Amino acid sequence: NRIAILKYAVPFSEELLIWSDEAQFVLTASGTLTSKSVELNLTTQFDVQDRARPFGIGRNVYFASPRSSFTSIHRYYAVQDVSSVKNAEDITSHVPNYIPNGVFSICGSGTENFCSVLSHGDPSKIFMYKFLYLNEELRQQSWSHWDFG
Amino acid sequence: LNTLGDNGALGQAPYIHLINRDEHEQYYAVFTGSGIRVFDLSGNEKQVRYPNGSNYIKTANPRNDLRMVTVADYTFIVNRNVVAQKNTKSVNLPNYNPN
Amino acid sequence: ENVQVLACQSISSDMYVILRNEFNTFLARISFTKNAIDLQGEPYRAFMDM
Amino acid sequence: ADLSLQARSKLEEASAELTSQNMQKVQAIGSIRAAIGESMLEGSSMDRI
Amino acid sequence: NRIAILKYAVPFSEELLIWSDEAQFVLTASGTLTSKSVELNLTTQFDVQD
């Protein structure tokens, strides 16, 4: 009922996540994809933007939501049980006004438990975000940056 | 944002229903007691023409009597007061003596 | 005072409200963003109601 | 003249079969139209099936 | 057993809620709606008004 263009798609085995502004979708088939049983469901309604580059470290996906200035990073946890999708919670609530603005890449390591956001608002700094997930419980989240000169 | 008009430009008690078709097309379907006005969220007024007449919108209290659903492109509108009526004199065959 | 709020309707991030003065009818939006300033310049996100 | 009447009979048997096969068609096509509409997916692929 | 007119209906996804003055209904089908499997159950009894 709302003409939503499709911007981002993050492939997972079993499910593909389609992310329109104001409407989010999951493409899960069961068995083979086989055209007939391809299926699609409207899971979440949170807002994504054109320049919100999503990079999914694991089950969860990080995407930067630009404000007027000083963007705030957002995290969405794609849960296999589509019943408990809830919404995408902010991870820079404790540290807003921090990332400069124009973000051109989000990189992380699942093994090393961090994701780095680097923005052309301030080219020098690499904004480290280190997390420690323990059985789906967020034990610690830390925001800091690396200045190379 | 832009002023819609005079104080009496809208109805005394209008029914206002926001329209969200697209990231680019977004509107407000405000129903005067008699007639419709439709403004963009930028404030610009997009003129409405009533082909096939109106007299469906005209209501003493449009707030209570109008029910609308905004599908992708256009909205269906029900006047609660108006009673649906079968169209007589539109029969398939007027008499058609079968034998 | 003397201002009637005809309809408040919300898009996901911000709400557009049209309100009637005893002289005019206006369209205006209330934006719920956490820190962002509403207008260019605007040193500290001023609350001026229009 | 017998076979000519018999030809007409085979025309009727074929005609009756086509109607019977046509009854199952509109039920089967009609049922598929139901699921494609409710599938909320649309597109060329659903028009193809 | 009580002649209740239907005033409000809210479609979600796989269930339609029918609201009548003092009795509420859920319209769920499973699979396709299809009429044969239309179903309706009287869930709650709370009071709604016009």
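Things to note:
Chains: A, B, C, D and E, in written order; residue numbering restarts at 1 for each.
Methods note: contacts are C-beta pairs under 8 Å (C-beta built on N, C-alpha and C of every residue); 3 or more make two chains touch, one makes a residue touch a chain.
By count of C-beta pairs in contact, B-C exceeds the other of the chain pairs A-D and B-C.
Chain A and chain B have CA centres that are 41 Å apart. The distance from the centre of chain A to the centre of chain C, each centre being the mean of the chain's C-alpha atoms, comes to 30 Å. Shared contact sites, meaning residues of chain A that touch two or more other chains, fall at 22, 42. Residues of chain D in contact with two or more other chains: none. Taken pair by pair, the chains that touch are A-B, A-C, A-D, B-C, D-E. Those residues of chain A that touch chain C in the complex are listed here as 22, 45-47, 67-70, 72, 96-97.
Taken in their complex, chain A has these residues touching chain B: 1-5, 21-22.
Of all residues in chain C, only 12-13, 33-38 touch chain A in the complex they form. Chain E contributes residues 32-34 to its touches with chain D in the complex. Within the complex formed with chain B, the residues of chain C that make contact are 6-7, 9, 11, 16, 18, 20-29.
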